[PDB]
Amino acid sequence: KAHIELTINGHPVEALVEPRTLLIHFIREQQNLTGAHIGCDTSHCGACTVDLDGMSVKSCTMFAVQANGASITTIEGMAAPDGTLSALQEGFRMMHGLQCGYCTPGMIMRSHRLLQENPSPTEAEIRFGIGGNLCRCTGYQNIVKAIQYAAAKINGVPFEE
Amino acid sequence: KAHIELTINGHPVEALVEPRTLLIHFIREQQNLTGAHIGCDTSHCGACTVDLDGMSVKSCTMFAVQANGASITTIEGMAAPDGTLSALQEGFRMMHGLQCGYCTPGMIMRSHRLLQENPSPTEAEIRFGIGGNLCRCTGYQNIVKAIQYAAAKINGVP
Amino acid sequence: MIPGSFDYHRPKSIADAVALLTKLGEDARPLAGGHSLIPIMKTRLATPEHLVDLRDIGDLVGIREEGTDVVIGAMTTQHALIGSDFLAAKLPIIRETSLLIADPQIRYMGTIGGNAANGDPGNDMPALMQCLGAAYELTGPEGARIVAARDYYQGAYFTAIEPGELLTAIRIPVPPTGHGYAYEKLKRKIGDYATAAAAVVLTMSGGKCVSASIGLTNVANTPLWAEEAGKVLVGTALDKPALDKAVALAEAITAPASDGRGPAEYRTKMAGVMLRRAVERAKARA
Amino acid sequence: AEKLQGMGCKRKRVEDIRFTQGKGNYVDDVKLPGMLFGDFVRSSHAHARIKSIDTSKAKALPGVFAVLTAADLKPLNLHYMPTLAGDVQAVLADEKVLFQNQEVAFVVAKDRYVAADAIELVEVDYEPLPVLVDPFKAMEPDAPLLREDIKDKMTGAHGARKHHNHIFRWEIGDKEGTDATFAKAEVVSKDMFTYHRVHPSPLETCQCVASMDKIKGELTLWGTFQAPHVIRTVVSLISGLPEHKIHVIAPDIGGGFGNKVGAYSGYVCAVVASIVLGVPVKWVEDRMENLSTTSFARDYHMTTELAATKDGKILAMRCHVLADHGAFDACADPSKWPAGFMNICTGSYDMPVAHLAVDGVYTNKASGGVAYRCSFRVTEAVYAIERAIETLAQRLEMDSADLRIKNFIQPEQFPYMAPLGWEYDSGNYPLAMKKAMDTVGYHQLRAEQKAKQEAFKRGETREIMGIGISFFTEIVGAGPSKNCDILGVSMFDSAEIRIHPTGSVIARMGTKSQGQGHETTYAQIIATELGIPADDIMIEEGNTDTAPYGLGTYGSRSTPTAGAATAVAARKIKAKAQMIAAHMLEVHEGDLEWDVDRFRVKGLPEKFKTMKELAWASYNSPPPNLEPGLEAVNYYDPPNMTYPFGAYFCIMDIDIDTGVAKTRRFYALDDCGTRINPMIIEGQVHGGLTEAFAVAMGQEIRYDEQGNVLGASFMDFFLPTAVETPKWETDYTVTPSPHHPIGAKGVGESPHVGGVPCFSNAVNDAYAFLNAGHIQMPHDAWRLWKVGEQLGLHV
Amino acid sequence: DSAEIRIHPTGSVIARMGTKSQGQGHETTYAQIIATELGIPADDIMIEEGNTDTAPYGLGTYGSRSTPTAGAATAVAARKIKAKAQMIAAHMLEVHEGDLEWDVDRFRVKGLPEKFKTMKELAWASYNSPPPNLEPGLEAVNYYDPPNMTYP
Amino acid sequence: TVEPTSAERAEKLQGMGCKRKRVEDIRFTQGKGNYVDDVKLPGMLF
Ligand SMILES: Cc1cc2nc3c(=O)[nH]c(=O)nc-3n(C[C@H](O)[C@H](O)[C@H](O)COP(=O)(O)OP(=O)(O)OC[C@H]3O[C@@H](n4cnc5c(N)ncnc54)[C@H](O)[C@@H]3O)c2cc1C
Ligand SMILES: Nc1ccn([C@@H]2O[C@H](COP(=O)(O)OP(=O)(O)OC[C@H]3Oc4nc5nc(N)nc(O)c5nc4C(S)=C3S)[C@@H](O)[C@H]2O)c(=O)n1
Ligand code: FES
Ligand code: FES
Ligand code: FES
Ligand code: FES
Ligand SMILES: [Cu+2]
């Protein structure tokens, strides 16, 4: 086993992992951060998406050892300490951007980086921008609305209807 | 912290403990063997009784470090590997020797050693023999019956 | 329930234990069976910085006859005392007393040395050892020495032991074969320290008492050897007039505490009643 | 037939399987992610103002997450909590402390070891105030003002408000008629009997694990609660959290004996701490804190009087009680009964009139009063009348068994309206008293006693013999909605029973066992009603999200209330099954008759449907007019209490020179109507008689002049071991409750209620020939030595 | 399919059904049905499904059957509670049930709107002062056998 | 709004016909849903 040290949701983390342990399992099985989910075995769904060193990464396609020294944010790290939900979490609820909730953590983590890449995206940029995340429940329409809501909240001004 | 190694219910156990950690807390809190109970803070009740190196010991009155290298049996270790209850566990049930069940693990662990010290005890020997164990529910009468029942079952095994 | 933190030590020999106790100082305490020390550590009345466990010192456990004495290692448990048929043949009063101490679990751990070194007037072995005229062997940094049990206790938790010393063994003179003996204890329930208890050993010849020695438990801030009381019995037929005199002399030296077991006057009277009953059983056995 | 194990069977307990293997689930066995531990810095003073509390050193200690003081609770209006008696109790001492060991600050740390360390670091500066511990002086003009928060220095009894230390005055009965009878009766027998302060001391202390889920806004609270639903409702009312978001869970409880009915500061503090920190907080008290700060029992000073004719007819009873409630009135009781059912004190005797008055007072002691198998002060009521019967008998120079027989309420007089308001349901006292007397050879014992007394007078023995008698009438099953409620909630109870497609059952009740065998016995009731094997039935209690609302387990109310609800709910299921059978058999329901486990067509016994077939049919071929499924619920509001009774006889031998007493024989006849499980009833009696023995012969909690609580640890608190506990001889008669669905009355507390007077009457009876008068409990050795000392027996 | 609805003394609710959501929003929508039927805000109602020890027996969620079956059972169970609440109101207001009319969350006496009892008051009364002929508490169950399918 | 109108009281119910926001969203948007693979028990094998 290899010894790794990193930062997850702002807190230092130290652990022992086998090299072959996928980051998604290190996060879910060892750190008990079970918000991230597994939806496939071919790297298509994005349900395992976490924000790592400023990048949206599919944690089922990286080994925990590769993240040694990294800073990771998972869905559990999105809400504010005062309990207030982030703009994105609120937007997903207000716009009905989730149903079973399975793709939600990965969708919100991807969206968190998308709005930093482009604070005021068009509908086309939003759809392309979350192309790595599959959802079986929503048909995506309300997810696009949720992301627009969050962007307007963050920006203090709306853009597209 | 001190490194200790011992055997509990036939299994090797190794751990790091503060010397002041009482054995009862090591068993309940670190090993998650929650059968043993705490019923007092003065060493009178015996609810924390375990079998340690052939002795009945009140684990709230010993530090885990004192047990380094010991062999301990707790209530979870009384049933047979195939799940069958020991004569004492069966006797307590058949004779209604428990109600709330709080003193039971300690009562059965003490009894286990008592019947090894004296396989065929009289009632006076049984009552005196469990003098270090308090029960609030039973009035002890059925516990005496439970122990007599177990002795008869054990004496029939050979 | 929770003791303060401390460092733990496991010396392999008496020499090592003594050196450690001498070095560490007043903040270090020997740990024997732990059944008086741990309870007071849990209430934080005792907050030692170091515990020196005597567990690994084999030379502290054992029962042997040496010359006209039986020598018992300080770490010998109450359970071991009761189990010794050799001891029951020579000093039957010990098994009788031990069976009146605490309960099975505590007897599996509690040691005779710890019972004698404690300084709690509630302990039963001290006055028994005074009755028997036992001597305590102590080993400290300055060497070995002996202190009679009769001279060892000064008050609650106050004894003759010095810094760095360990009580290593108890040397007990063997009474004449056929001697009478008895330990009579009055308590509220199993495990309770005595309201009052009396230890008696005596010998008889031609219907008259030849020798008699009496110890009184928990009826003063220390155990008591009732010297005058035993003296008055010698030369008598141990009849009521003799017993009355012995009771007067024993009661006279008591100064019990008034606590849950009752007021001082009751405990003084009970020291007398336990003494009468013990003399009676001892007389029958002699 | 072998598999049914219904009513009457000595069914072995289902609880034993897990308990004998260490797999029960008690509060301290609970471990949750991020769980912290909290405990209290407690008061070293009985009465003093709190000048300052320095928690800086404690908060600075590594591993300490919080240290709460009253200053922190006020903003939530939580520095005081409501009590079942309608008063308030301090959660954390604010301006002053009123009893030794009272809660002052709550330290929350990573574990119980660090918490203990931190508690030692908190420094409290106290300003001593005069201590009040003698209730007989609590209302003198110069008595210390304890409750500054609710009272104003009222040093009298003729002001707008009682006296600053007076809690309440409660009276019942015909005062004018009672007084008039006492004014003319040939004989007046008066004594002041004190029922000393003791404590229920369950082997498991009080504790909880509070877990506020701040993400969901829901509180889960595991705890030692005898009334979990009531706790949920109270928590909701004081926290502002709605009940559907508070999940209270009373898991396995290691005995309660009344100690776990009320709420304690520890529960409130753990909940507040968890709400503040967002992580679980466990609180588990040690024994010394349990005995000195949780519900005490008894502490009644009873001036008791009987008026009678020279020939032994009882004409009236007059009783006044001075009740010591400690610093706060936290005495459990239905809200309209500040002295519980102490008005059952005319007992088993037919008296024309009576009067009872009770004054409660505050003292610098822990709160409580109702606990330890008291049935709401019935222990005190029975002690008062059974001791009074004996002292009247002595004054009349009459055998007390004959005095009782001459005054028993007769079988034909039931339902009997007693002079203090309770209507007894059923009872055959003469038959039970006769069976008891014949079993123990009563008259032979009296002859033996007489000869032993003469031998004592001749100097031939130092042992005296006493014969104790206790014939009692209990009152249990607190529930008529008309007069019984817990803080406004009527005292009914409940049962919900659901039958699965394949015939097994899940049933839940609003009560909560702490060892009484409910998980075994409620199944026996259903088994008999429906013909379904008891092992095919699962019984659950204690989870407020799932069990129907109930008022909990105390006052031996489980069988009278939830036991009745279980039978009524099962009968609703039986009625629906009969409709299903009628549909399947194509007959009118009137043409069907129930036969153990099936409905048969009258006359054509070959045509039938078993409960199992009907359960399947309710899901597979539901009759068109009926809803599918087979389940029912019943919330049972009892029409009256149940009144079990007993005849107890104790033969006691006492060494007058040491004061040591030894029970020679103890016979206990109990009649609780229909007996569901004889094995479990026997166990309840053994336990209760053991408590009675302990209370009468040695148990006590005392306070000295400085307010120091004394004897509050197992170093002194008399809990008998197997060596001291007498062997018990039990017997019974069966006099069903006419109004109960299965004729069953409660019985759990009877042994303690009747046992204490039995033991105390035996001790008092032993010394009666020496004119000792009334000897106050406990009868331990030093106190009986003092009795002999004062009678001149030692010189 | 089925529904069981239990009203607490203070007016909040725990209700369970024999269906099982896999994202269709049952925990939100079943509460809306009950809210309208009883005049209790949806946020004061907790909905649960899926634990066979606690939820009433049902056949599950598939065939878009939840609303047609358990949705119906929820309405019928709530209506049983409302009928009992009406009885409690008549008893308390001392009028005949026929003299009462429902106004969103309370029963008012016809022609005398100032005389009324809210569902919240009735829930407390069901535990605090149950009418003599009624059992204490306020809850109900319904197992609904549909007369036909629905054809959207 | 102490004694809200019938309309106001009906609106507060968030009952039938309203676009009530989902209660499930609170836990799901925070990764606090409890799906089968999130379950961990003592001694659990795969
Ligand atoms: C519930 C209960 C009931 C009891 N009832 C009784 C009773 O009825 N009668 C009775 O006699 N006892 C009673 N005891 C006390 C028991 O017998 C203790 O075992 C005994 O008092 C102390 O012996 P120990 O070996 O446990 O010593 P420890 O507790 O280890 O130590 C006692 C003290 O002696 C010191 N010490 C120990 N060994 C030595 C040594 N060799 N040299 C120098 N110092 C040493 C320790 O440093 C400490 O200060 C009871 C104890 C309990 C918990
Ligand atoms: N006619 C009857 C009456 C009772 N029983 C059985 O006896 C048991 C006790 O029933 P009941 O008399 O209704 O009393 P509760 O169950 O309501 O118990 C409460 C009572 O229980 C007592 N006994 C206790 N026993 C244990 N082990 N633990 C407690 O905490 C106890 N607390 C005390 C105190 S205090 C009280 S108030 C139940 O299994 C019942 O089915 C029976 O077989 N037939
Ligand atoms: S689990 Fe599907 S991309 Fe990672
Ligand atoms: S909400 Fe179900 S997969 Fe997206
Ligand atoms: S917990 Fe009571 S003797 Fe150990
Ligand atoms: S069974 Fe409850 S303490 Fe013994
Ligand atoms: Cu009671």
Side-chain angles (χ1 to χ4, degrees), chain B residues 24 37-49 58-61 99-100 106 132 134 136-138, chain C residues 29-39 46 54 60 74-75 77-78 100-103 105-107 109-115 117-120 122-125 138 157 161 165-168 185 187 191-194, chain D residues 200 202 226 253 255-258 260 287 371-375 476 511 513-518 520-522 524-525 553-560 563 644 672-678 680-681 683-684 687-688 714-715 744-750 752:
Chain B
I24 184 55
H37 295 142
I38 289 161
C40 74
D41 45 14
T42 53
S43 306
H44 293 89
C45 84
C48 63
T49 299
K58 286 173 174 189
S59 65
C60 70
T61 313
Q99 289 173 38
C100 76
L134 299 177
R136 271 290 279 103
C137 304
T138 71
Chain C
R29 295 303 301 146
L31 168 64
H35 283 55
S36 278
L37 178 60
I38 297 176
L54 312 180
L60 291 178
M75 285 292 278
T77 63
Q78 299 288 169
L100 293 166
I101 291 174
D103 64 42
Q105 288 95 320
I106 286 145
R107 288 192 297 269
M109 296 299 297
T111 67
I112 190 175
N115 198 283
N118 196 213
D120 181 329
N123 287 160
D124 291 292
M125 288 296 167
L138 310 174
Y157 297 114
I161 198 161
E165 289 184 321
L166 274 188
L167 184 169
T168 58
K185 181 172 178 176
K187 64 200 185 295
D192 187 31
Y193 296 95
Chain D
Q226 298 183 208
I253 298 174
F257 310 106
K260 292 158 171 171
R287 182 58 63 186
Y372 208 179
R373 302 206 205 202
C374 77
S375 302
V476 297
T511 45
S513 175
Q514 307 118 62
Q516 303 93 340
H518 299 179
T520 292
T521 60
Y522 285 141
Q524 294 178 255
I525 296 174
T553 288
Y554 45 79
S556 304
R557 77 191 292 278
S558 307
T559 302
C672 57
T674 302
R675 302 167 79 79
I676 296 162
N677 186 318
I680 285 173
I681 293 169
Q684 292 290 291
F714 288 168
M715 194 72 63
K745 305 186 173 173
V747 75
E749 298 172 293
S750 289
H752 191 136

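Below, all heavy atoms of this structure are taken into account, side chains as well, without hydrogens, waters or symmetry copies. Order of the sequence lines fixes the chain letters, A, B, ..., with proteins taken first and strands second; residue numbering starts at 1 for each chain. Atoms within a ligand are numbered from 1 in the order they appear, just like the ligands themselves.
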Student: List ligand 1 atoms under 4.0 Å from C:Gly110, heavy atoms only on the residue side.
Tutor: 19 (O), 25 (O), 26 (O)
Student: Between B:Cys60 and atom 2 (Fe) of ligand 5, is there a contact where an N/O/S atom of the residue lies under 2.8 Å from the metal?
Tutor: no
Student: Examine all N, O or S atoms of B:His44, backbone included, and report whether one is under 2.8 Å from atom 2 (Fe) of ligand 5.
Tutor: no
Student: Is the closest N or O pair between D:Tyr372 and ligand 2 shorter than 3.5 Å?
Tutor: no
Student: Work out which heavy atom in C:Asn118 is nearest to a heavy atom in C:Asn123; give both atom names and the distance.
Tutor: CB-OD1, 3.0 Å
Student: Heavy atom of C:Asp192 under 4.0 Å from ligand 1?
Tutor: yes
Student: Could you check atom 13 (C) of ligand 1 against the protein and tell me its nearest heavy-atom contact, residue, atom and distance included?
Tutor: C:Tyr193 CE2, 3.4 Å
Student: Looking only at distance, does C:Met109 have an N or O less than 3.5 Å from an N or O of ligand 1?
Tutor: no
Student: Without hydrogens or angle criteria, can the side chains of C:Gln105 and B:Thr49 be said to hold a donor-acceptor pair below 3.5 Å?
Tutor: yes
Student: Could you tell me which atoms of ligand 1, counted from 1 in the order shown, lie closer than 4.0 angstrom to a heavy atom of C:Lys185?
Tutor: 7 (C), 8 (O), 9 (N)
Student: Are any of the N/O atoms on D:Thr553, whether in the backbone or the side chain, positioned under 3.5 angstrom from an N/O atom of ligand 2?
Tutor: no
Student: Given B:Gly106, B:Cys48, B:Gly39, which has its nearest heavy atom closest to atom 4 (Fe) of ligand 5?
Tutor: B:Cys48
Student: Does only the side chain of C:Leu60 get under 4.0 Å from ligand 1, or the backbone, or both, or neither? Count heavy atoms.
Tutor: neither
Student: For ligand 5, is any non-hydrogen atom under 4.0 Å from B:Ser43's backbone (N, CA, C, O), its side chain (CB onward), both, or neither?
Tutor: backbone
Student: Against heavy atoms of C:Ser36, which atoms of ligand 1 measure under 4.0 Å?
Tutor: 15 (C), 18 (C), 20 (C), 21 (O), 22 (C), 26 (O), 29 (O)
Student: Which atoms of ligand 1 sit under 4.0 Å from any heavy atom of C:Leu37?
Tutor: 29 (O), 31 (O)
Student: C:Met75: heavy atom below 4.0 Å from ligand 1, yes or no?
Tutor: no
Student: Got a donor-acceptor contact below 3.5 angstrom from the B:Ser59 side chain to the B:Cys48 backbone?
Tutor: yes
Student: Number the atoms of ligand 1 from 1 as they appear, then name those within less than 4.0 Å of a heavy atom of C:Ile161, with their elements.
Tutor: 43 (C)
Student: Which ligand 1 atoms are under 4.0 Å away from a heavy-atom of C:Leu166?
Tutor: 42 (N)
Student: Please round to the nearest 0.5 Å and tell me the distance separating atom CG of C:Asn115 and atom CD of C:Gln78.
Tutor: 5.0 Å
Student: On a heavy-atom basis, which atom in D:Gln516 and which in D:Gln514 lie closest, and how many Å separate them?
Tutor: OE1-N, 2.7 Å
Student: Specify side chain, backbone, both or neither for C:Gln105, according to which of its non-hydrogen atoms lie closer than 4.0 Å to ligand 1.
Tutor: neither
Student: Counting only nitrogen or oxygen atoms and a 3.5 angstrom limit, does B:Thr42 reach ligand 1?
Tutor: no
Student: When only distance counts, is C:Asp124 in polar contact with ligand 1, meaning an N/O pair under 3.5 Å?
Tutor: yes
Student: Just going by heavy-atom distances, which of C:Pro39, C:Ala32, B:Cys40, C:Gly191 is nearest to atom 5 (N) of ligand 1?
Tutor: C:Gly191
Student: Ignoring hydrogens, just give me the one of D:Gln516, B:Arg136, D:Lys745, D:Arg373 whose non-hydrogen atom is nearest atom 8 (C) of ligand 2.
Tutor: D:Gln516
Student: Looking only at non-hydrogen atoms, which of C:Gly122, C:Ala46, C:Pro30 approaches atom 47 (O) of ligand 1 most closely?
Tutor: C:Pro30
Student: Can you list the atoms of ligand 2 that are under 4.0 Å from a heavy atom of D:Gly258?
Tutor: 35 (S)
Student: Tell me the contacting part of C:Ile106 for ligand 1: side chain, backbone, both, or neither, using a 4.0 Å heavy-atom threshold, strictly below.
Tutor: side chain
